[PDB]
Number of protein chains: 6
Amino acid sequence: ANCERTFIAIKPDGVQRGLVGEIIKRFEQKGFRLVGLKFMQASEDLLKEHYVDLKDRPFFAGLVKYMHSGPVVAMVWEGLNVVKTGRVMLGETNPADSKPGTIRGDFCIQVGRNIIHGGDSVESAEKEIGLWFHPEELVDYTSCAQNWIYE
Amino acid sequence: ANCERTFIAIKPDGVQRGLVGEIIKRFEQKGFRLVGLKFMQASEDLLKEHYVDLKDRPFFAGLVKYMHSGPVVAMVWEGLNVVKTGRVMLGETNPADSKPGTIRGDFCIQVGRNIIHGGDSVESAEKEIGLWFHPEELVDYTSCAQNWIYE
Amino acid sequence: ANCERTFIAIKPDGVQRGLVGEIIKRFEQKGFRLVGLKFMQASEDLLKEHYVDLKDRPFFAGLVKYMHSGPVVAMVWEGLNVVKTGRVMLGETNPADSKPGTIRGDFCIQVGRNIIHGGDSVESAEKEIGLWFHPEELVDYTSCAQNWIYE
Amino acid sequence: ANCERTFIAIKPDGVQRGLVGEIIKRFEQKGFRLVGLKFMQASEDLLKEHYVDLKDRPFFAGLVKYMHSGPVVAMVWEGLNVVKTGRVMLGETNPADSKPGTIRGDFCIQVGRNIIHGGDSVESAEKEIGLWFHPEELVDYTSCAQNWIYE
Amino acid sequence: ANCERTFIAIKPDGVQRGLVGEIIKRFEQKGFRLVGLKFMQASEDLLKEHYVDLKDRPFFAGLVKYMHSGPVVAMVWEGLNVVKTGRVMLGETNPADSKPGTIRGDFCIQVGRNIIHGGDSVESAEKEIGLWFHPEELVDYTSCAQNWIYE
Amino acid sequence: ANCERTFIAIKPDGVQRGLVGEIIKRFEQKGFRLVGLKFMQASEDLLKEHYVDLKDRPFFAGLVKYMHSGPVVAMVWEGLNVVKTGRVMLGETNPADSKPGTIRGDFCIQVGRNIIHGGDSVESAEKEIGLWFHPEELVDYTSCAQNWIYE
Ligand SMILES: Nc1ncnc2c1ncn2[C@@H]1O[C@H](COP(=O)(O)OP(=O)(O)O)[C@@H](O)[C@H]1O
Ligand SMILES: Nc1ncnc2c1ncn2[C@@H]1O[C@H](COP(=O)(O)OP(=O)(O)O)[C@@H](O)[C@H]1O
Ligand SMILES: Nc1ncnc2c1ncn2[C@@H]1O[C@H](COP(=O)(O)OP(=O)(O)O)[C@@H](O)[C@H]1O
Ligand SMILES: Nc1ncnc2c1ncn2[C@@H]1O[C@H](COP(=O)(O)OP(=O)(O)O)[C@@H](O)[C@H]1O
Ligand SMILES: Nc1ncnc2c1ncn2[C@@H]1O[C@H](COP(=O)(O)OP(=O)(O)O)[C@@H](O)[C@H]1O
Ligand SMILES: Nc1ncnc2c1ncn2[C@@H]1O[C@H](COP(=O)(O)OP(=O)(O)O)[C@@H](O)[C@H]1O
């Protein structure tokens, strides 16, 4: 199998446009394991630390504002190449470059309202998971299909 | 509209059998608002208080064991008649009496593995919400469709 | 077979909440033939002639205004007992009494925002059709699946 | 759990209208276990024996001919009360009488083109299983999720 | 946001094979806004003008005849780069060349039966809009979720 | 049109994870004709003759065992370029390289549990068909939608 983890976040447009069940379903049906799940109004401090590598960017302020302007769904998902492949499943950062079949390709249009965030790397995801989740909140268990998902 | 709330819980068979996204989707698409959402390995104490009115019942022990044996998804949903209608959406307690179209009617078979719990009343739901959720964890916001959902 | 027709209209809340395709799907997969399909902001006059019989009632004032406040998808469907069955597929007028699996049961909450209308009798349907559609807009053709839908 | 089985056949109209996957998906998602599956053009002899308790009905000769006019998907499914709950899933003999959420309620219109057959009792269904299948065609395995579907 | 529009037509094969709802649902769920919708049997004249830039092609005469052999669903859709991203959603002219996740990739096989048309440029698409619709048939309204689809 | 055929088999992980109906759906909605469909525990001999060309390789040992450890759904589908397009719909052999919208891209994670097999050439397909099916099990009939799928 593989116990590798990623942080996935449903941005507040996703919640507003009723895409939560649908986004979760796509991770479930793929075979990934739900580790942690929280529905939270997120803070500016939290978001700034998360998006620190983009402090140098003109969109930063607006991004943090858009990211603070409503509830998000904070999620951890476990599996083999889950960081990498989860990003393929999301599609490109810009929805207009995201292929049909992906979450953004199917469900959104404009870069500044792209419904969903995913960990760009394992390093980042761990940083992000810890930042967003306490270790208490992370749940561990075995999928009843595990042996059919992984040899 | 209506700000009435209910506690809905996805029992650990639901999580195991990959029905979370699908169960959430059915509440979203109905028009109900996500208030609170937690993915938690629940305790025996928590469950016993929740299922206290059934202490007198032969299945109680097993129920609590089944309910403790894996992660659950704790949920709060807001809307007009949400307690009552959410129970219709779940179907009957026994899946063999639940009509096709309902969650249990579509997704499960046996009373002791009925994937999902719902608040039997407002009183119960409040008791249950408080029992399961802290007020910090409950999120409040306005649906961008609210005026099309409610006159 | 049968050439019975009904009139189905998707209301503005139905359109605003992105349910047009889902609804049409339900009629298609059932095996009913699409005869007529337009998209329109309905004039107050038309809405008054359409809802004529409910003038006396106290929700007529807000009704016409709300049905004029956005676009409607006006439809004609054909088949054996479309009128009667169409109404069953829609569910009860009040969504609180609408069973899961129905359009209203699955997708809406309050009667003032009940997403859809269907004709209540063959008589009403043909009247509504004459009112919303011009004859030349009703299209005639034979389903390729016809002999598999009807004996 | 339960080792009870039922016989389900997708009739020629169900095959022709593209509902094989949809119908299998409903039995799969319900938790029932697939035991037998075959694709075939049923003989008049087989069909006359299958429908022997109806030889005295006005619709009998046409039923046989219609059922012989294209291929069918014969299936065997296992689970607790799978015969009775399988029938609830199909709907009523008459699609008009079948509720939205049921296979016939959603997917078909006319009694003579009702897309699917199900055993009407445990005894009928085993008689039907022995008739369409050899015991060696029936496959035995255990669902990876069985502990989660049955207590 | 963006007020750019495109023309989309569901071809006779798309109507006949029950994909009207499915196709509308994909544009709806993507965040694009429905502007115009009509159901009609297109004339040879209209179709010859629609396809005027192809009058010199070997497939032209048959394309026109096929497009005239049953009814089509004519639509207008609005949004940022809706013309270009609308084409990405459809797939390639040849279904064989279209990727899973696209409308043609999922729903059809042969180039001469590719179920759907889309404007190939902003200028083509407006020319196509003016040709199939009168400006008064196009409906103006604002999506309740527009702040969440566009920054 | 075209009478080209391919061989598609759902593997035991595909069956165990409840994906049989979903997969068949994908081929149906595309417009390919179901020719053959059986459900079987495949004998080690058959699996060795089937996977003959991969005897040398180091995963052959675990392969046969795993493909014998549960049931497979063996299928024959017909249509223009089924073989080549069928493989595209399936996705790349390794699910990590499989694009969203594909069967493997949507539903599985690791190559050892890649849920499905499709023939890699017309030659292989016909060989596999001769191996898994008896001639009399391949059913001939004409889709009611045929003239709408092919020119
Ligand atoms: N050009 C832009 N304009 C507005 N917002 C942007 C832009 N680029 C990126 N963003 C926002 O910042 C987030 C982070 O950007 P980046 O880390 O480069 O991509 P990703 O989110 O795919 O990791 C994006 O998801 C998006 O919400
Ligand atoms: N006869 C039974 N056998 C095993 N478990 C049962 C039985 N009846 C009820 N339960 C379990 O106890 C839970 C609570 O029962 P009850 O409050 O009567 O119904 P509900 O859950 O519909 O409110 C059920 O959801 C189910 O998990
Ligand atoms: N008490 C009410 N308050 C607000 N709107 C109502 C009320 N009752 C009915 N309506 C609206 O008026 C429409 C017409 O009412 P009626 O003819 O009784 O139902 P239907 O349209 O199902 O035949 C309904 O579709 C509904 O949206
Ligand atoms: N009045 C009728 N006209 C045409 N066909 C009928 C009629 N009644 C029943 N049939 C056909 O005969 C089949 C067997 O009938 P029956 O055994 O009474 O119902 P069921 O299939 O629900 O057990 C039905 O599934 C249906 O296709
Ligand atoms: N080689 C062909 N054979 C039959 N029909 C074709 C062929 N090429 C194109 N067509 C038809 O003509 C339509 C218009 O062609 P074109 O404008 O080149 O593609 P598009 O529709 O992608 O803009 C296509 O949608 C297709 O149905
Ligand atoms: N490195 C590997 N480890 C385990 N199983 C493998 C590996 N490579 C291939 N397989 C399995 O063997 C099957 C046959 O391999 P191959 O013929 O290369 O792929 P395909 O079946 O897509 O043509 C694949 O479907 C896959 O499940």
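Residues numbered from 1 in each chain as written, not as in the entry; some residues may be left out. Chains lettered and ligands numbered in written order. Heavy atoms only, no water.

Determination of this PDB entry was carried out by X-ray crystallography to a resolution of 2.402 Å, according to the record.

J.: I'd like a description of the overall build of chain A, backed by residues and values.
T.: Helix and strand counts for chain A come out as eight helices and four strands. In summary, chain A has a C-alpha radius of gyration of 15 Å against a globular reference of 15 Å for 151 residues, a match within 12%. Taken along its principal axes, the extent of the C-alpha atoms in chain A is 45 × 35 × 25 Å. The buried share of chain A, reckoned over its 151 residues, is 62%. (Helix = DSSP H or I, 4+ residues; strand = E, 2+ residues; numbered from the N terminus. Rg over C-alpha atoms; globule rule 2.2 N^0.38 Å. Buried < 20%, exposed > 50% of the residue type's maximum accessible area, 1.4 Å probe, protein only.)

J.: Can you lay out the interface of chain F and chain A for me, pointing to particular residues and giving the numbers?
T.: Between chain F and chain A, the residue contacts involve 18 residues of the former and 18 residues of the latter. Connecting chain F to chain A are zero salt bridges. Listing elements by their share of the side of chain F that touches chain A, those giving two or more residues are α1 (12-16) and α6 (103-107) of chain F. For the side of chain F that touches chain A, the element with the highest residue contribution is α6 of chain F, accounting for four residues. The residue makeup of the side of chain F that touches chain A, split by class, is seven nonpolar, six polar and five charged. (Contact = heavy atoms within 4.5 Å. Salt bridge = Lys/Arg side-chain N within 4 Å of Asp/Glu carboxyl O. Nonpolar A, V, L, I, M, F, W, Y, C, P; charged D, E, K, R; others polar.)

J.: Help me get a handle on the site of ligand 5, residues and values and all.
T.: Residues and elements named next belong to chain E. Neighbouring ligand 5 are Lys11, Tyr51, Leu54, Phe59, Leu63, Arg87, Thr93, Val111, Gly112 and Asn114. One of the side-chain N or O atoms of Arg87 is found 3.1 Å from an oxygen atom in ligand 5. In the environment of ligand 5, an oxygen atom lies 3.0 Å from a nitrogen or oxygen atom belonging to the side chain of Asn114. Here ligand 5 loses 77% of its free accessible area of 540 Å² to cover by the protein chains. (Near = heavy atom within 4 Å. Polar contact = N/O pair within 3.5 Å; in protein donor to acceptor, adjacent residues only side chain to side chain. Areas by Shrake-Rupley, 256 points an atom, 1.4 Å probe, with all protein chains shown as cover.)

J.: Can you tell me about the arrangement of the chains, naming the residues and giving the values?
T.: Most contacts, when the 12 pairs of chains in contact are compared, are made between chains A and B. Chain C makes no contact with chain A, the minimum C-alpha separation between the two being 9 Å.

J.: So what about the relation of the copies chain A and chain B? Which residues, and what values?
T.: Rotating chain A by 180° and moving it 0.0 Å along the rotation axis overlays it on chain B with an RMSD of 0.0 Å. The symmetry that links the two subunits is that of a two-fold axis. Scanning chain A for the C-alpha nearest the rotation axis identifies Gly21 of chain A, at a separation of 1.9 Å. A high fraction, 100%, of the interface residues of chain A reappear at the interface in chain B, so the copies pair face to face through one surface. (Least-squares fit on C-alpha atoms.)

J.: Describe the side chain of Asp106 of chain F, with residues and values.
T.: Locating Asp106 of chain F in the fold gives a position in helix α6. What makes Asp106 of chain F buried here is its relative accessible area of 14%. A distance of 2.8 Å separates the side chain of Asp106 of chain F from the backbone nitrogen of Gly101 of chain F, its partner in a polar contact. When neighbours within four sequence positions are excluded, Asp106 of chain F is seen to be in contact with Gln29 and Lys30 of chain A together with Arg26, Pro100 and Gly101 of chain F.

J.: Any details on the packing of aromatic side chains? Residues and values, ideally.
T.: For the coordinates displayed, the defined rule picks out 26 aromatic pairs over all chains. A ring pair is formed by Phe27 of chain A and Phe32 of chain A, whose centres lie 6.4 Å apart and whose planes are at 40°; its orientation type is tilted. In this structure, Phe27 of chain A and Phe32 of chain A share a single accessibility class: buried. Ring-pair connections join several aromatic residues into one group, and the members of that group are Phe7, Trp132 and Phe133 of chain A. The ring of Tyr141 of chain B has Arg33 of chain B lying over it, and the distance from NZ or CZ to the ring centre is 4.5 Å. (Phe/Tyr/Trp six-rings, centres within 6.5 Å; stacked < 30°, edge-to-face > 60°. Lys NZ or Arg CZ within 6 Å of the ring centre and 35° of its normal.)

J.: Any chance you could break down the site of ligand 3 for me, citing the residues and the numbers?
T.: Around ligand 3, the surrounding shell consists of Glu151 of chain B together with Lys11, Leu54, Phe59, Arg87, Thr93, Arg104, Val111, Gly112, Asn114 and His117 of chain C. Ligand 3 is flanked by residues contributed from chains B and C. Contact between ligand 3 and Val111 of chain C: an oxygen atom at 2.9 Å from a main-chain N or O atom of the residue. Against a free-state accessible area of 540 Å², the protein chains account for coverage of 75% of ligand 3. Classifying every residue of the shell around ligand 3 by side-chain character gives three nonpolar, four polar and four charged.

J.: Mind laying out the interface of chain A and chain B, listing which residues take part and the relevant values?
T.: Counting from both sides, the interface comprises 28 residues of chain A and, opposite them, 28 residues of chain B. Approximately 2,100 Å² of surface area, both sides summed, lies buried where chain A meets chain B, with 63% of it carried by carbon and sulfur atoms. Of all residues in chain A, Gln16, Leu37 and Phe39 of chain A give up the largest surface area on contact with chain B, accounting jointly for 28% of the area buried on that side. Across the contact surface, chain A and chain B share zero salt bridges. On the surface where chain A and chain B come into contact, there are 14 residue pairs in polar contact. Its residues assigned to classes, the side of chain A that touches chain B comprises 15 nonpolar, seven polar and six charged. (Buried area = accessible area lost by both parts, 1.4 Å probe.)

J.: Tell me about a positive patch on the surface, and please be specific about residues and values.
T.: Together, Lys84 and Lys99 of chain A, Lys99 of chain E together with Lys84 and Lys99 of chain F make up a positively charged patch on the protein surface. Its location among the elements puts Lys84 of chain A in helix α5 (residues 82-90). (Patch = residues over 30% accessible without salt bridge, like charges linked within 9 Å, V, L, I, M, F, W, Y side chains within 5 Å. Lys, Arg positive; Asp, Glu negative; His and termini not counted. Charge placed at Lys NZ, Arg CZ, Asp CG, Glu CD.)

J.: Summarise a negative patch on the surface; cite the residues concerned and give the values.
T.: Taken together, the side chains of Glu49, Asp53, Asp120 and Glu123 of chain A present a region of like negative charge at the surface. Tracing the backbone through its elements, the reader meets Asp120 of chain A in the loop between β4 (116-118) and α7 (122-132).

J.: Please give an account of helix α2 (residues 20-30) of chain E that cites residues and values.
T.: All names here are of chain E. Burial runs high along α2: nine of the 11 residues are buried. Taken together, the buried positions of α2 are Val20, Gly21, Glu22, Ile23, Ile24, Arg26, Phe27, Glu28 and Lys30. One or two residues past the end of α2 sits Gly31, with phi positive at roughly 105°.

J.: Quick one: what's the story with the relation of the copies chain F and chain A, residue by residue and with numbers?
T.: Of the transformation placing chain F onto chain A, the axial shift is 0.1 Å and the rotation is 120°, giving an RMSD of 0.3 Å. Expressed as a symmetry operation, the mapping of one chain copy onto the other fits a three-fold axis. The rotation axis passes nearest to the C-alpha of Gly101 of chain F in chain F, at a distance of 2.5 Å. Taken together, the interface assignments show that only 11% of the residues at the interface of chain F recur at the interface of chain A, consistent with different surfaces on the two copies.

J.: Lay out the packing of helix α2 (residues 20-30) of chain C against α2 of chain E in plain terms, naming residues and giving numbers.
T.: Packed helix pairs are characterised by how far apart their axes lie and by the angle those axes make with each other. Two elements in contact, α2 of chain C and α2 of chain E, have axes separated by 7 Å at closest approach and are oriented at 170°. Accordingly, the angle class assigned to the pair α2 of chain C and α2 of chain E is roughly antiparallel. The hand of the α2 of chain C/α2 of chain E crossing is left-handed. When α2 of chain C is examined against α2 of chain E, the residues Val20, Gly21, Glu22, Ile24, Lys25 and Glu28 of chain C are found in contact with a partner set consisting of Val20, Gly21, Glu22, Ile24, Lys25 and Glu28 of chain E. Of the residues contributing to the contact of α2 of chain C with α2 of chain E, the split by class is four nonpolar, two polar and six charged. (Axes fitted to C-alpha atoms, helices over the stretch in contact; angles between N-to-C directions. Parallel < 35°, antiparallel > 145°, perpendicular 65-115°, else oblique. Left-handed = near helix turned anticlockwise from the far one by under 90°.)

J.: Residues and numbers for unusual backbone geometry, please.
T.: Despite not being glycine, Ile115 of chain B shows a phi value in the positive range, around 45°. Structurally, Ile115 of chain B is set in the loop between α6 (103-107) and β4 (116-118). Its relative accessible area of 0% is what places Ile115 of chain B among the buried residues. Not every positive phi belongs to a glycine, and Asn81 of chain F is a case in point at roughly 50°. Here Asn81 of chain F lies in the loop between β3 (72-78) and α5 (82-90).

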